[PDB]
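Numbering (the entry's author numbering), first residue to last: 1 to 279.
Note that beta-carbon positions come from the ideal geometry of N, C-alpha and C, so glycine has one too.
A short worksheet on the structure shown next.
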Amino acid sequence: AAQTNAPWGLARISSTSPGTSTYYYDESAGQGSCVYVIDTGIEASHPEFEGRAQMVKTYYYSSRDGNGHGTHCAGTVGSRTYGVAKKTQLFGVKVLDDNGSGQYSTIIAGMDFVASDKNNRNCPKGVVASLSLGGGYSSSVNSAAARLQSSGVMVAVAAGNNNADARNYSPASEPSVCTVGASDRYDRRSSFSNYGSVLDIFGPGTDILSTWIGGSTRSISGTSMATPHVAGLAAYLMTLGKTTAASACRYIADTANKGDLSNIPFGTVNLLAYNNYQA
Numbered sequence: 001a002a003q004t005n006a007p008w009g010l011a012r013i014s015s016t017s018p019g020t021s022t023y024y025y026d027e028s029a030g031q032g033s034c035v036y037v038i039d040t041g042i043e044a045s046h047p048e049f050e051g052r053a054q055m056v057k058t059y060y061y062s063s064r065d066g067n068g069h070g071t072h073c074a075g076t077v078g079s080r081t082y083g084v085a086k087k088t089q090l091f092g093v094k095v096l097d098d099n100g101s102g103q104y105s106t107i108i109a110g111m112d113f114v115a116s117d118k119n120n121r122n123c124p125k126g127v128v129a130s131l132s133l134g135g136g137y138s139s140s141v142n143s144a145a146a147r148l149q150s151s152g153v154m155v156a157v158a159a160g161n162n163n164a165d166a167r168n169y170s171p172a173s174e175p176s177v178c179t180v181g182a183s184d185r186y187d188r189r190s191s192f193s194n195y196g197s198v199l200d201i202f203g204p205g206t207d208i209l210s211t212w213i214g215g216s217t218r219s220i221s222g223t224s225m226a227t228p229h230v231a232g233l234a235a236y237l238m239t240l241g242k243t244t245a246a247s248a249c250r251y252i253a254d255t256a257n258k259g260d261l262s263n264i265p266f267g268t269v270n271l272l273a274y275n276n277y278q279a
């Protein structure tokens, strides 16, 4: 399948070269998979989600996304126009308030929620969780991410936006999950992207168009935007049967575009997520 005039990041993930604008992908499109977006919520009524999104948990007075960040990330996972895996099921877990903040204890509870809640959902092709959040190093936060991964969920986490080594941030620094840095449309490391040996992969993160609250759209930047490209890619590849939740990060690294990014510090992987789809 071909989506013309796609957002640059979608085109990038199906291309061996920057500078194109059509996204190519297998029509299975993540059908039968599920992606949890652990964030500020999801505006599930947005026409872009086509009834495939729903809120399953909140720790606050509402499950609605009063911020936009979670809706934007969910759109990159699975919206019809802005999403990688256009037929996946999206489940929102609101661990962040409408200012985008959340206590680590709430975030940990949300991860353990997903590890159990997947047993209440129909996801025959597998389960992914996208975590566009983080703060300073915490062994408890890393352990919660490790448990979620161990339970059979492909965990993708943002590297962070500090232009610093991600070893000092959580859950970015947890070895067993997939830690995602950000790149721009010219294949440069995004100016804010964290780096370091703990990164597994880069995805598009600068000037990413996606859904927003109020039934709208906007372009924003962050490792928060790169993470859902990788989460959606995992769901898509799991639906194709090419990999599993336990092996998808490694498979994405195996099949990535290699050596094509600029300003990658010595010791950080030079790997850009790629779907290897042959139309």
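Residue i and residue j closer than 9 Å at C-beta
i: residue 78; j: residue 182; result: no
i: residue 12; j: residue 204; result: yes
i: residue 70; j: residue 86; result: no
i: residue 268; j: residue 196; result: yes
i: residue 194; j: residue 142; result: no
i: residue 258; j: residue 271; result: yes
i: residue 8; j: residue 207; result: yes
i: residue 92; j: residue 41; result: yes
i: residue 48; j: residue 75; result: yes
i: residue 177; j: residue 133; result: no
i: residue 65; j: residue 213; result: yes
i: residue 82; j: residue 227; result: no
i: residue 163; j: residue 192; result: yes
i: residue 199; j: residue 171; result: no
Coil, strand or helix - residue i by DSSP
i: residue 73; result: helix
i: residue 104; result: helix
i: residue 164; result: coil
i: residue 177; result: coil
i: residue 87; result: coil
i: residue 149; result: helix
i: residue 10; result: helix
i: residue 118; result: helix
i: residue 56; result: strand
i: residue 39; result: strand
i: residue 95; result: coil
i: residue 170; result: strand
i: residue 19; result: coil
Cβ neighbour criterion (16 or more within 10 Å) applied to residue i
i: residue 124; result: exposed
i: residue 250; result: exposed
i: residue 218; result: exposed
i: residue 67; result: buried
i: residue 61; result: exposed
i: residue 122; result: exposed
i: residue 169; result: buried
i: residue 103; result: exposed
i: residue 101; result: exposed
i: residue 27; result: exposed
i: residue 243; result: buried
i: residue 186; result: exposed
i: residue 99; result: exposed
i: residue 275; result: buried
Do the region 221–232 and the region 144–160 touch if we need at least three Cβ pairs shorter than 8 Å? Short answer: they touch.
Can you list, in chain order, the stretches of the beta strand (DSSP E) that have 3 or more residues and sit fully within the region 196–277? Here the runs fully enclosed are 201–204, 208–212, 216–220.
Within 8 Å, do at least three Cβ pairs link the region 21–38 to the region 94–114? When Cβ pairs closer than 8 Å are counted between the two stretches, the region 94–114 is seen to touch the region 21–38, the count reaching three or more.
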